[PDB]
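The chain below stands alone, shown as structure tokens; this is the form deposited in one PDB entry.
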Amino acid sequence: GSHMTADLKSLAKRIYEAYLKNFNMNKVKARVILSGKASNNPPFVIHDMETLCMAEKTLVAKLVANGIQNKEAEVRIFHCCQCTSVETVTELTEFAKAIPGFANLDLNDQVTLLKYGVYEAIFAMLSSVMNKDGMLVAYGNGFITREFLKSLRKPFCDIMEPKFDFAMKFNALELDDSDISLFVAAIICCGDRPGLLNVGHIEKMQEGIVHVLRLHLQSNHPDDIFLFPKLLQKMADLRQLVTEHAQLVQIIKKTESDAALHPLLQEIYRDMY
């Protein structure tokens, strides 16, 4: 129907609580850091090569242990960014268990849904820690400027800017964590992924989440009448954004002998698009 019964309201709260439990950086926390109203101690700003190398003095143990300290600056940056993606994949994998029906799926279908869904979710949630000038890193303790990322040498300067472009329009929708949690659940449940076995079952799982998403958006943002259709379009945009990101990763991986794709991320991108 069009009214939120108790089972739907409970489902929405369960997804929201799993989102808060599994993702350390939520939008409320990110925006207070980015706003600077709860503290006069801002994140360390990485805006050029000098401040990058300053920040990396704190990270020396991790860079040394990973054999990255002497790699080119661009490679060092996106090695750390890869490690962050790996953490978020792990968190999304645990989050998906809270989606009613997900754990009941064939294990191969769970793997397929997460394979194609995680980076759409990652770039959706990445918007929460982005403003027009840069993005929070290191659990909100650092802030790497958008211009410094564009200043990197090709093709590394082409990686993050499309994600900033998406985030600025996504953030204009003014979603809160309760919306984003259901949006991320809907992303994970897409029944259109390549190689899914039990499509019918997955589509019924997806329909339940998307129904709760619509009713929740209508209740939580009553003045933005078509916010739900707007978000359906954002899901399509994310699929295109990830398709292009994966293609660019393949190009870079093949023409950059000293940059290494993280093993876990290797399997994700393997035969993706």
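Residues that one form lacks are left out of the comparison. For every residue, the number given is its place in the sequence shown, counted from 1. Heads up, when I say rigid core I mean the largest set of C-alphas that superpose within 1.5 Å between the two forms.
The form solved in complex with a partner chain exists for this protein as well; it is not shown, and the discussion that follows is about that form.
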{"property": "Contact test, all of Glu94, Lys115 and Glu267, partner the partner chain in the bound PDB entry, heavy atom 4.5 Å", "result": "yes"}
{"property": "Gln110: touches the partner chain in the bound PDB entry, heavy atom cutoff 4.5 angstroms", "result": "yes"}
{"property": "Touches the partner chain in the bound PDB entry: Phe102 (any heavy atom, 4.5 Å)", "result": "yes"}
{"property": "Any non-hydrogen atom of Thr90 within 4.5 angstroms of the partner chain in the bound PDB entry", "result": "yes"}
{"property": "Displaced position between this form and the one not shown, chosen from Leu248, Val60, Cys53, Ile225 (C-alpha, 2 Å or more, rigid core)", "result": "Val60"}
{"property": "Where the chain shifts between this form and the one not shown once the rigid core is fitted, runs of at least 3 with Cα moving 2 Å or more", "result": "59-62"}
